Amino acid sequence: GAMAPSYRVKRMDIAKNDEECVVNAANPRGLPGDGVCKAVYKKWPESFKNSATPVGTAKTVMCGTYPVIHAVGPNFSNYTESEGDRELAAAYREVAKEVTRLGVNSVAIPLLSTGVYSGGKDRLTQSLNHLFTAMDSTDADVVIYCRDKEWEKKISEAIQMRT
């Protein structure tokens, strides 16, 4: 575990992370996809061997010795708000199980279901709060990756609020 487990936020491409493993915002079919998923496919394409997994789950595939945790959030275009919220919470719970099992001291994580799976809604707070619920009991250093300047400020504020 990390000496003093922390949360941090960075505004940059998660494919250039400085952590011991990465969480992909995957699709259920293990396809290259777009956004975070396409960046992850370009950087770790070996990790997409048998990476298909259902919504609300995470499946880890090694690229060399570097673990890629494929986490499948719900597409809110297809799910009800209620069922989508349950599957989004579940995906993060499965990420915490994998991070624990791998014994890593640090993980790079995107906000699941906040881009093309958002159903056109701002889900920063919803997604981040499910991330915290799952990861708070882990002792890995968590580094959240985002691309928008206003998102970086709001995520940083939420981290700092808990102290």
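Position 1 is the first residue in the sequence shown; the rest follow in order.
- In this entry, the higher average B-factor at the C-alpha atoms falls on 111 to 119, of the pair 111 to 119 and 91 to 99.
- On average the C-alpha atoms of 28 to 36 have higher B-factors than those of the other stretch, with 54 to 62 and 28 to 36 being the two compared.
- Placement of the Cα temperature factor of residue 18 within the chain: middle third of the modelled residues, per the deposited record.
- When the modelled residues of the chain are ordered by their C-alpha B factor, residue 42 lands in the highest third.
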